[PDB]
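By convention here, the first residue in the shown sequence is residue 1. Any value given below was found using the heavy atoms of this structure, including those in side chains, with hydrogens, waters and symmetry copies removed.
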Amino acid sequence: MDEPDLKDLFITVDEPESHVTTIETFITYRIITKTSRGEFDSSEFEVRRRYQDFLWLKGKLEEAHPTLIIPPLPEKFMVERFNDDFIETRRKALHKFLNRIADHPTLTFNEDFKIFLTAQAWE
């Protein structure tokens, strides 16, 4: 039998880090998602995502909800990408983006949003 849930999500976006792979360096953001303000009987996942991962998500949401305007993620086309203002501006925008999806009555239940918030979870 089911335990009824209010379908609340609380999302933070923080701790930007440089991810240096062998072929590319890019910034990632820590996304922590909680389903409750309580200590017990709840879900909490921590993942790390780059901006391209958010663009993937936006596209999936657009495809699934073609009559909606999905919350925007503007970008203007080698130093600035690692600039403190650039990163902090983006962090705030990504937090706003994820909150808008989380609060939206159809977008919040999208399967790719769920995968986005949970895949490759960190301890």
Side-chain angles (χ1 to χ4, degrees), residues 1-76 78-123:
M1 292 198 280
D2 184 62
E3 179 187 339
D5 191 75
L6 287 170
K7 300 293 195 150
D8 287 337
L9 287 177
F10 306 102
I11 297 165
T12 57
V13 182
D14 73 352
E15 195 176 287
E17 294 186 337
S18 44
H19 191 166
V20 181
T21 73
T22 305
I23 60 180
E24 193 188 21
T25 300
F26 53 89
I27 299 304
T28 65
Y29 303 83
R30 187 172 66 166
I31 304 170
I32 295 166
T33 301
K34 297 172 181 175
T35 65
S36 183
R37 298 307 198 178
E39 193 167 5
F40 303 114
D41 187 20
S42 78
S43 289
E44 175 173 353
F45 282 76
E46 178 183 320
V47 301
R48 279 208 163 261
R49 302 286 178 261
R50 68 181 298 176
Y51 177 81
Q52 292 306 300
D53 298 326
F54 291 80
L55 296 175
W56 173 87
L57 170 61
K58 177 168 182 281
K60 288 303 192 180
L61 298 171
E62 286 170 342
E63 286 167 351
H65 300 276
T67 70
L68 295 184
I69 295 171
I70 300 310
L73 289 170
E75 182 170 47
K76 229 199 150 79
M78 299 291 266
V79 164
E80 173 72 354
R81 61 186 168 143
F82 302 138
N83 170 269
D84 174 72
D85 171 74
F86 180 84
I87 292 174
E88 170 65 14
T89 296
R90 178 156 283 179
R91 188 198 66 69
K92 274 170 57 172
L94 301 171
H95 190 197
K96 189 172 206 194
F97 172 85
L98 292 181
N99 282 346
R100 287 161 161 176
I101 304 307
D103 290 339
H104 188 285
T106 66
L107 302 178
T108 197
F109 305 121
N110 175 270
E111 177 62 22
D112 287 322
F113 183 54
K114 175 167 178 180
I115 289 166
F116 181 87
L117 294 176
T118 61
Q120 296 161 71
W122 290 60
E123 280 197 351

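- Between the CG atom in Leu117 and the CD1 atom in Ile11 there is a gap of 5.0 Å [rounded to 0.5 Å].
- Each of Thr12, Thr118, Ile32 was compared with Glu46 under the side chain to side chain contact (heavy atoms under 4.5 Å, CB included) criterion, and only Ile32 meets it.
- Taking CG of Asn83 as the start and OG1 of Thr89 as the end, the distance is 8.5 Å to the nearest 0.5 Å.
- The two residues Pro74 and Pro72 come nearest to each other via the heavy atoms CD-C, 3.7 Å.
- Panel note: side chain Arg81, backbone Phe26; no donor-acceptor pair is recorded below 3.5 Å.
- Contact detail for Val47 and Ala121: the closest heavy-atom pair is CG1-CA, 4.1 Å.
- Taking CD1 from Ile87 and CD1 from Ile27, the interatomic distance works out to 4.0 Å, rounded to the nearest 0.5 Å.
- Put simply, the side chain of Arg48 gets close to the backbone of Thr28: a donor and an acceptor are under 3.5 Å apart.
- In this structure, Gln120 places its CD atom where only 12 or fewer heavy-atom neighbours from other residues, nucleotides or ligands lie under 6.0 Å away.
- Using a distance-only test at 3.5 Å, with no hydrogens or angles considered, a donor-acceptor pair links the side chain of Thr35 to the main chain of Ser43.
- Of the possible polar contacts, none joining the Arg49 side chain to the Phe54 backbone as a donor-acceptor pair under 3.5 Å is found.
- Geometrically, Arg91 does not engage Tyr29 in a cation-pi contact defined by less than 6.0 Å to the ring centre and at most 45° from the axis.
- Between atom CG of residue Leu98 and atom CG of residue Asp103 there is a gap of 11.0 Å, rounded to the nearest 0.5 Å.
- Across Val13 and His95, no two heavy atoms sit closer than the pair CG2-CA, 3.6 Å.
- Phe82 is connected to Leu94 through a chain of hydrophobic side-chain contacts under 4.5 Å among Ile, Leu, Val, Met, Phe, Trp and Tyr, so both are in one cluster.
- Remark: the backbone N or O of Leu68 is not paired with any side-chain donor or acceptor of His65 at under 3.5 angstrom.
- Side chains of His104 and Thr106: a donor-acceptor N/O pair is present below 3.5 angstrom, by distance only.
- A donor-acceptor pair under 3.5 Å is absent between the side-chain atoms of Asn99 and the main chain of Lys96, judged by distance alone.
- Under a hydrophobic clustering in which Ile, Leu, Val, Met, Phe, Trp and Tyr are joined whenever their side-chain heavy atoms come within less than 4.5 Å, directly or via other members, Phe45 and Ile115 fall into different clusters.
- The shortest side-chain heavy-atom distance between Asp41 and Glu3 falls under the 4.5 Å cut-off.
- The main-chain N or O of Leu73 is found under 3.5 Å from a side-chain atom of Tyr51 such that the two form a donor-acceptor pair.
- Rounded to the nearest 0.5 Å, atoms OG1 (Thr33) and CZ (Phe113) are 7.0 Å apart.
- Atoms CG and NZ, from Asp112 and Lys58 in turn, are 15.0 Å apart once rounded to the nearest 0.5 Å.
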